[PDB]
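Asker: One structure follows; several queries about it will come next.
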6 protein chains.
Amino acid sequence: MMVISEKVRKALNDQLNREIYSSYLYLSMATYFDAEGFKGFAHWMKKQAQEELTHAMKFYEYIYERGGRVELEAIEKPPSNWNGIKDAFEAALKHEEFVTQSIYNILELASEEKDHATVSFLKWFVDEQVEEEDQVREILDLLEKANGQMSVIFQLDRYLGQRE
Amino acid sequence: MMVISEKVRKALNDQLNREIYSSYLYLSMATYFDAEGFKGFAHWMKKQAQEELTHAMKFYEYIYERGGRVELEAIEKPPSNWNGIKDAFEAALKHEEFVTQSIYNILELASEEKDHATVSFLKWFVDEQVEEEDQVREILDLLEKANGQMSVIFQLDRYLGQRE
Amino acid sequence: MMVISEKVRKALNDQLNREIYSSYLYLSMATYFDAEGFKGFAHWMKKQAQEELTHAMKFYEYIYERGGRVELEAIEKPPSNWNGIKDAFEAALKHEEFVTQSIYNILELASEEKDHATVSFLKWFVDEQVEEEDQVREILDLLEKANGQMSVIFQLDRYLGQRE
Amino acid sequence: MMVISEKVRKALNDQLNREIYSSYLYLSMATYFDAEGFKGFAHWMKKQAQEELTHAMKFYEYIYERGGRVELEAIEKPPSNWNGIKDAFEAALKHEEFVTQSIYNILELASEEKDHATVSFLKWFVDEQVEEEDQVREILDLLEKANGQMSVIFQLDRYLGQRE
Amino acid sequence: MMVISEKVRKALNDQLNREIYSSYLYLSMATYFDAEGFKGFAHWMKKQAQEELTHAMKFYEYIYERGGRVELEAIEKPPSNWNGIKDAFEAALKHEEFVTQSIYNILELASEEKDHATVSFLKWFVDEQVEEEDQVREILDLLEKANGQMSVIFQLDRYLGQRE
Amino acid sequence: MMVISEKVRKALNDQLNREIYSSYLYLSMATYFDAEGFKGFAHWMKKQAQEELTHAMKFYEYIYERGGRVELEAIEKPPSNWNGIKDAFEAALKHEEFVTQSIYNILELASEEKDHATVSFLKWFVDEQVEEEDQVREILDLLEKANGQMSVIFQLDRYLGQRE
Ligand SMILES: CCCCCCCCCCCCCCCCCCCC
Ligand SMILES: CCCCCCCCCCCCCCCCCCCC
Ligand SMILES: CCCCCCCCCCCCCCCCCCCC
Ligand SMILES: [Mg+2]
Ligand SMILES: [Mg+2]
Ligand SMILES: [Mg+2]
Ligand SMILES: [Mg+2]
Ligand SMILES: [Mg+2]
Ligand SMILES: [Mg+2]
């Protein structure tokens with residue numbers, strides 16, 4: 001028997017599909033950075049894409065743990081070009097903030113149905129999203145300071161290219 | 001400057017998106033096996049999905065290596081239900097034979113244009129596909145023998161669930 | 001279901017039996033050399049016989065990998081006697097060159113049928129044959145220098161006797 | 001000079017060719033098991049075939065050790081189809097019992113000629129045949145009990161596939 | 001006996017002499033960089049020159065393996081000067097692209113003769129050329145970004161000076 | 001600024017190109033020993049050829065150390081054929097004696113100019129030339145004791161083929 005409601009199960013399945021799209025968007029940003037010759041930023045984005053797949057799978061295993069099941073939906077075609085490095089990381093921040101709000105909406109839906117197990121499960125993602133948004137804000141800050149200077153950009157590209 | 005033809009880039013780009021679809025299909029098979037309580041079969045498919053990502057990224061990196069650019073496309077919704085374990089594995093075999101023909105068509109195209117670099121790059125996929133088809137054919141032959149006997153299926157689930 | 005044509009499977013199965021005979025021929029050479037007290041030339045021929053069996057088993061596993069089966073045929077009696085050291089090795093070389101041409105014929109047949117999997121599997125043997133032929137030519141060269149001087153042949157015997 | 005009679009030499013040379021045939025017979029049994037999809041039974045037979053070849057080379061070396069010469073004969077085409085698993089192993093047991101009687105005939109011939117060296121040398125094979133026949137009788141007993149039940153047959157396959 | 005045709009042996013020997021010139025051209029680029037004070041760039045070229053010698057020796061050993069003979073020809077004086085760092089690396093890329101087409105020409109010749117051993121042997125060079133051209137394309141892309149800014153040139157020089 | 005006289009720089013640059021020719025000559029000799037089936041002698045010459053390049057590069061580095069530049073010149077085609085093993089090594093010895101006298105001429109020139117730094121630099125090559133000459137003479141003496149006995153030639157081929 002499924003002990004999440006269908007409404008909560010749908011919200012969770014929807015978020016899992018959003019996490020898959022996040023992964024794909026970030027790979028698309030890698031394709032841009034690689035085309036522009038910034039292999040470090042592209043590497044950063046490939047690691048981020050893998051990271052989003054772990055989020056997808058966290059939702060996956062929770063849905064099954066609660067007796068639901070996962071239905072994978074079509075993945076929309078992501079954007080594949082940006083007006084520059086900053087424009088790309090700004091889109092990432094905007095995306096991550098939208099993901100944060102999507103998670104908040106599930107949390108409030110679970111709280112209104114008194115699904116305390118799902119409220120509690122989602123705490124992990126609330127905390128993770130703080131980290132996710134702020135790592136992008138940090139990079140955007142460095143790019144605002146570098147102000148186009150290839151000297152600095154080179155070293156940032158190499159720094160982010162070290163992400164484990 | 002791009003040293004692959006536009007027609008070969010498009011074939012390689014297309015195949016990269018087929019590898020992503022292949023990854024997603026196998027993840028959908030996992031959602032089905034998990035919904036049916038076969039955590040070992042599902043585990044096997046999750047590993048297969050990750051393996052297909054490695055194929056996509058081999059295409060990714062070769063395209064940039066030849067001066068091209070990757071464009072990510074929409075990913076179609078895969079089926080999410082099969083008529084039992086053997087049906088899912090028959091579909092998987094059919095999918096891998098389709099992938100193999102897709103790979104053959106690029107090789108032949110590349111050969112016709114005398115793109116020896118791409119013909120040689122594609123050898124690795126030719127040899128991998130043979131291994132991929134064989135792995136599924138072997139699982140199918142065992143399930144044909146088992147004739148749905150639950151004790152045989154349980155041992156096969158535990159074995160596939162140990163895949164690294 | 002078999003994914004090689006019957007024609008290609010027959011070609012491979014025929015070459016499998018050819019590798020078996022190659023093994024037996026070289027053992028027969030070991031019987032000649034062991035008879036003339038050359039225990040080192042005999043040791044080399046017994047190593048070559050064991051290597052031909054690895055060749056046969058490589059075709060074996062590929063045939064089954066592609067859904068065919070193997071049928072073992074009768075093995076013709078090999079020659080048991082040779083006019084001298086260099087008479088035997090020149091039969092070796094002529095045999096290995098016949099093997100190479102048989103391999104080439106399978107390659108061209110597969111290529112004509114667009115069986116890229118078999119064309120690629122055969123690359124391994126095309127490269128080994130280069131080595132198999134070269135090792136005999138080298139030995140014939142060392143013989144055509146020693147000019148029957150048992151002092152040198154005590155060393156040539158000694159050296160082939162060290163083959164691992 | 002030869003210090004075995006020609007009759008004892010012919011007896012030993014015949015037995016060497018018989019062990020070569022034994023090796024080929026078990027390899028044919030492997031082609032059957034693999035065709036039937038039992039890679040563990042097939043593995044056991046491949047290991048047997050390699051062992052039947054150590055037997056041949058022991059005769060080989062004794063013959064040269066007594067001043068005789070080996071001559072390799074044609075090898076007959078082995079059977080390639082059995083009715084089922086148990087029939088193949090039964091044919092294996094029948095073959096080993098025939099090999100045992102063949103060894104006995106040499107022993108009794110060497111004993112008549114007072115060739116005490118050959119008599120002593122053959123004790124190894126006598127004792128070894130006891131083990132070869134026993135190991136096949138054990139498998140047959142398990143297969144009799146399995147009574148065609150595929151759940152059990154699969155368990156035997158896996159076990160015999162671990163043979164070292 | 002030489003088992004390669006004279007036309008193929010000539011093409012191969014010609015390529016070998018082309019690899020020697022390649023080595024010498026990169027040494028000459030080293031002489032230019034060392035004169036301009038870029039020890040790191042010069043170091044990169046000195047390692048590249050040693051790498052071309054391994055290419056030459058690979059060709060050398062294959063020729064003798066197919067019963068042919070190597071004849072060393074005169075080496076042209078390479079250019080001694082370039083109009084800046086980018087100019088040198090553009091010359092390097094143009095040379096490696098010419099080397100790649102030279103190799104392609106041998107492969108198409110060997111394939112027309114059905115000289116499969118040589119077609120197969122040249123695969124290694126087809127794959128290596130992909131990397132040789134791409135490593136130079138990557139250097140040229142960073143140099144474009146640096147745009148003559150010495151603080152970035154120093155960064156690239158010390159990095160290329162790390163090449164092992 | 002250059003602190004060697006242009007005359008000394010031209011002599012050093014000339015010798016650098018002479019060491020490059022020496023490397024090429026010794027490789028040509030390897031082409032001859034390999035054509036003749038003496039792989040160990042061929043091996044010795046290949047090792048000598050690499051050693052020759054270290055000599056070249058010691059001149060290279062000293063020229064830049066004194067503020068000069070290197071200019072690479074064309075490399076003449078070497079001979080490829082000797083009348084026998086001893087003929088090749090006699091030619092090697094005569095070449096090295098020529099190199100020794102070329103080095104002496106540079107030392108005498110530098111001495112005439114009171115270029116004490118270059119005089120001292122060249123001491124290394126004076127001592128090394130004594131060795132390079134001695135090792136060819138040792139080999140010629142062993143060839144003379146061998147007196148065409150292929151027994152001994154084979155042992156020297158193998159010994160020289162062990163050179164590190
Ligand atoms: C070099 C690092 C490469 C990272 C590749 C990241 C790829 C993410 C692509 C997103 C596509 C999603 C659709 C397939 C999902 C498969 C999930 C398998 C998870 C077990
Ligand atoms: C050193 C002795 C080698 C003699 C070979 C003679 C060939 C006769 C053919 C007999 C069949 C032998 C079967 C070989 C089985 C190999 C199975 C290995 C598993 C990979
Ligand atoms: C470590 C040395 C630094 C760079 C070496 C540069 C060589 C330039 C090209 C030389 C041309 C003459 C050919 C000599 C061939 C030597 C063969 C060696 C075989 C292992
Ligand atoms: Mg996420
Ligand atoms: Mg794939
Ligand atoms: Mg063979
Ligand atoms: Mg036996
Ligand atoms: Mg090269
Ligand atoms: Mg020198």
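Residue numbering restarts at 1 for every chain of the structure tokens, chains are lettered A, B, ... in their displayed order, and ligands are numbered from 1 as they appear.
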As a ChimeraX atom specification, which residues of chain A does DSSP assign to helix (DSSP H, G or I)?
Answerer: /A:6-35,39-65,85-112,116-146,150-160
Asker: Might you pull out every residue within 12 Å of residue 119 in chain A, with only C-alpha atoms counted and same-chain residues fewer than 2 positions away left off, and present them as an NGL selection string?
Answerer: :A and (4 or 8 or 12 or 62 or 103-117 or 121-126)
Asker: What does the file look like for those residues with N, CA and C atoms, as an mmCIF file, in the first residue's frame?
Answerer:
data_model
loop_
_atom_site.group_PDB
_atom_site.id
_atom_site.type_symbol
_atom_site.label_atom_id
_atom_site.label_comp_id
_atom_site.auth_asym_id
_atom_site.auth_seq_id
_atom_site.Cartn_x
_atom_site.Cartn_y
_atom_site.Cartn_z
ATOM 1 N N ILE A 4 1.945 7.573 1.072
ATOM 2 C CA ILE A 4 1.823 8.975 0.708
ATOM 3 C C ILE A 4 0.504 9.128 -0.041
ATOM 4 N N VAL A 8 0.742 14.179 -2.856
ATOM 5 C CA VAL A 8 2.135 14.268 -2.447
ATOM 6 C C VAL A 8 2.988 13.391 -3.339
ATOM 7 N N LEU A 12 6.172 14.836 -5.523
ATOM 8 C CA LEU A 12 7.519 14.295 -5.386
ATOM 9 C C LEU A 12 8.049 13.821 -6.733
ATOM 10 N N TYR A 62 13.007 7.642 -1.841
ATOM 11 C CA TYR A 62 11.972 7.992 -0.865
ATOM 12 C C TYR A 62 10.583 7.597 -1.390
ATOM 13 N N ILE A 103 10.621 23.078 -4.060
ATOM 14 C CA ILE A 103 10.717 22.208 -2.887
ATOM 15 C C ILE A 103 9.888 22.772 -1.742
ATOM 16 N N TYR A 104 9.941 24.100 -1.568
ATOM 17 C CA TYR A 104 9.117 24.724 -0.548
ATOM 18 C C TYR A 104 7.653 24.376 -0.753
ATOM 19 N N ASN A 105 7.203 24.304 -2.024
ATOM 20 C CA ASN A 105 5.777 24.070 -2.287
ATOM 21 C C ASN A 105 5.391 22.658 -1.877
ATOM 22 N N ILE A 106 6.276 21.696 -2.120
ATOM 23 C CA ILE A 106 6.001 20.339 -1.670
ATOM 24 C C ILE A 106 5.906 20.322 -0.160
ATOM 25 N N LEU A 107 6.874 20.989 0.477
ATOM 26 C CA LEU A 107 6.947 21.007 1.926
ATOM 27 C C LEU A 107 5.663 21.536 2.521
ATOM 28 N N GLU A 108 5.117 22.605 1.951
ATOM 29 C CA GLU A 108 3.894 23.143 2.511
ATOM 30 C C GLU A 108 2.719 22.239 2.217
ATOM 31 N N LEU A 109 2.726 21.566 1.075
ATOM 32 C CA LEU A 109 1.635 20.642 0.773
ATOM 33 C C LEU A 109 1.665 19.459 1.750
ATOM 34 N N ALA A 110 2.865 18.915 1.997
ATOM 35 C CA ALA A 110 3.014 17.827 2.958
ATOM 36 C C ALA A 110 2.597 18.255 4.363
ATOM 37 N N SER A 111 2.974 19.483 4.751
ATOM 38 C CA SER A 111 2.611 20.017 6.045
ATOM 39 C C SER A 111 1.107 20.202 6.158
ATOM 40 N N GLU A 112 0.432 20.700 5.109
ATOM 41 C CA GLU A 112 -1.019 20.802 5.191
ATOM 42 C C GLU A 112 -1.702 19.433 5.299
ATOM 43 N N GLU A 113 -1.211 18.390 4.607
ATOM 44 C CA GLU A 113 -1.787 17.056 4.774
ATOM 45 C C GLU A 113 -1.301 16.352 6.033
ATOM 46 N N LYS A 114 -0.409 16.966 6.812
ATOM 47 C CA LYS A 114 0.158 16.342 7.994
ATOM 48 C C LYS A 114 0.925 15.081 7.616
ATOM 49 N N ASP A 115 1.569 15.090 6.447
ATOM 50 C CA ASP A 115 2.561 14.063 6.123
ATOM 51 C C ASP A 115 3.914 14.424 6.750
ATOM 52 N N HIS A 116 4.060 14.104 8.044
ATOM 53 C CA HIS A 116 5.280 14.513 8.744
ATOM 54 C C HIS A 116 6.507 13.772 8.230
ATOM 55 N N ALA A 117 6.361 12.536 7.792
ATOM 56 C CA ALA A 117 7.522 11.911 7.205
ATOM 57 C C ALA A 117 8.035 12.683 5.966
ATOM 58 N N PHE A 121 11.682 14.547 5.501
ATOM 59 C CA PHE A 121 12.563 14.125 4.411
ATOM 60 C C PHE A 121 13.060 15.314 3.604
ATOM 61 N N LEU A 122 12.184 16.267 3.401
ATOM 62 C CA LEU A 122 12.527 17.421 2.609
ATOM 63 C C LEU A 122 13.449 18.371 3.319
ATOM 64 N N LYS A 123 13.626 18.251 4.624
ATOM 65 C CA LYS A 123 14.592 19.131 5.283
ATOM 66 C C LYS A 123 15.973 19.036 4.631
ATOM 67 N N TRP A 124 16.364 17.838 4.187
ATOM 68 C CA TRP A 124 17.678 17.683 3.583
ATOM 69 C C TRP A 124 17.858 18.632 2.389
ATOM 70 N N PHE A 125 16.795 18.811 1.592
ATOM 71 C CA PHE A 125 16.848 19.595 0.350
ATOM 72 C C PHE A 125 16.771 21.083 0.602
ATOM 73 N N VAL A 126 15.987 21.486 1.582
ATOM 74 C CA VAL A 126 16.040 22.865 2.048
ATOM 75 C C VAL A 126 17.469 23.270 2.400
#
Asker: Would you mind reading off the distance between CA of residue 118 in chain F and CA of residue 101 in chain F, one decimal, in Å?
Answerer: 16.1 Å
Asker: Return the single residue from E:19, E:61, E:87, E:51 that is closest to chain F, with distances computed using only C-alpha atoms.
Answerer: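 Looking only at the distances to chain F, the closest residue turns out to be E:61.
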Asker: If the limit is 9 Å from any atom of ligand 3, counting only C-alpha atoms and all ligand atoms, which residues qualify? Return them as a PyMOL selection string.
Answerer: (chain E and resi 20-28+30+43+45-54+56-57+75) or (chain F and resi 20-28+43+45-54+56-57+75)
Asker: Could you work out which residues of chain F fall inside 7 Å of chain E? Count only C-alpha atoms, and format the result as number ranges by chain.
Answerer: F: 28, 31, 35, 69-77, 80
Asker: Write out as a ChimeraX atom specification the residues lying within 12 Å of residue 146 in chain F, counting only C-alpha atoms and excluding same-chain residues fewer than 5 positions away.
Answerer: /F:85-86,139-141,151-157
Asker: Any chance you could export the current selection's C-alpha atoms as a PDB file, in the first residue's frame?
Answerer:
ATOM      1  CA  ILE F  85      79.529  -5.872 -39.443  1.00  0.00           C
ATOM      2  CA  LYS F  86      83.160  -4.832 -39.040  1.00  0.00           C
ATOM      3  CA  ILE F 139      83.888  -3.848 -30.163  1.00  0.00           C
ATOM      4  CA  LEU F 140      86.184  -3.957 -33.199  1.00  0.00           C
ATOM      5  CA  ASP F 141      88.666  -6.044 -31.200  1.00  0.00           C
ATOM      6  CA  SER F 151      78.914 -18.737 -32.768  1.00  0.00           C
ATOM      7  CA  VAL F 152      80.729 -15.698 -31.298  1.00  0.00           C
ATOM      8  CA  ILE F 153      78.966 -13.123 -33.498  1.00  0.00           C
ATOM      9  CA  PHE F 154      75.645 -14.340 -32.067  1.00  0.00           C
ATOM     10  CA  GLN F 155      76.928 -13.897 -28.552  1.00  0.00           C
ATOM     11  CA  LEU F 156      78.129 -10.350 -29.291  1.00  0.00           C
ATOM     12  CA  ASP F 157      74.873  -9.434 -31.016  1.00  0.00           C
TER      13      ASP F 157
END
Asker: Can you measure CA of residue 1 in chain E to CA of residue 134 in chain C for me? One decimal in Å is fine.
Answerer: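 We find that CA of residue 1 in chain E and CA of residue 134 in chain C lie 10.5 Å from each other.
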Asker: Suppose you want the space between atom 9 (C, counted along the ligand's line) of ligand 2 and CA of residue 16 in chain C; what is it in Å?
Answerer: 11.1 Å
Asker: Pick out the closest residue to ligand 9 from this set: F:143, F:130, F:99, F:150. Count only C-alpha atoms and all ligand atoms.
Answerer: F:99
Asker: Tell me which of D:55, D:159, D:39, D:89 sits closest to residue 142 in chain B, counting only C-alpha atoms.
Answerer: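 Closest candidate: D:39.
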Asker: Let me make sure I understand: among A:6, A:14, A:164, A:128, which one has the smallest atom-to-atom distance to ligand 4 if we use only C-alpha atoms and all ligand atoms?
Answerer: A:128
